[PDB]
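The chain that follows stands alone, in the form deposited in one PDB entry, written as structure tokens.
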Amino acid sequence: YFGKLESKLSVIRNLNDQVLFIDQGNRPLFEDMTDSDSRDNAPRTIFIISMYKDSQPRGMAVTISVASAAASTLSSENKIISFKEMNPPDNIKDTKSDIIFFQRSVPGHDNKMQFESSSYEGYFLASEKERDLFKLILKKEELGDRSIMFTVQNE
């Protein structure tokens, strides 16, 4: 059982300081901080990380949703990363969820975070280059894999 506690406006950036954003095609991608949304509103880069209490405490259970969107929540459904059409729910009657990730500090690096899928243990959010794009993907864990490390910046 997950119960929603509190939400925080957050920006996420890979170790190349490229910022996570949602593009015109509803895709989670990364862009150089230089070229990231500079608006005070920051509609395309500001995420809400919603923290959940857990009946089976295993770490910090969170959902990640777009702050400016009506209903766009990150999902690992089917071992792939998409924006699912929904809001973070008041509760989830399940110990696993395609929209719940465990936000964990990187081993040896307290200032960096990784996000482990609650649905797929050992699978993490990662930044991956594909042609000219940098995509948010779900990839299996090799210690010190830097592609799964992020800086999470409050508001």
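In case it trips you up, residue 1 is the first one in the sequence shown, and so on. Definition used throughout: the rigid core is the maximal C-alpha set that superposes within 1.5 Å between two forms.
Beyond what is shown, the protein has a form deposited in another entry; the following relates to that form.
Core-superposed comparison between this form and the one not shown: among 53, 39, 93, 129, the single residue whose C-alpha moves by 2 Å or more is 39.
Closer approach of the C-alpha atoms of residue 129 and residue 41, by 3 angstroms or more, is seen in the other form than in the present form. Note on residue 19 and residue 38: their C-alpha atoms are nearer in the other form, a change of at least 3 Å from this conformation.
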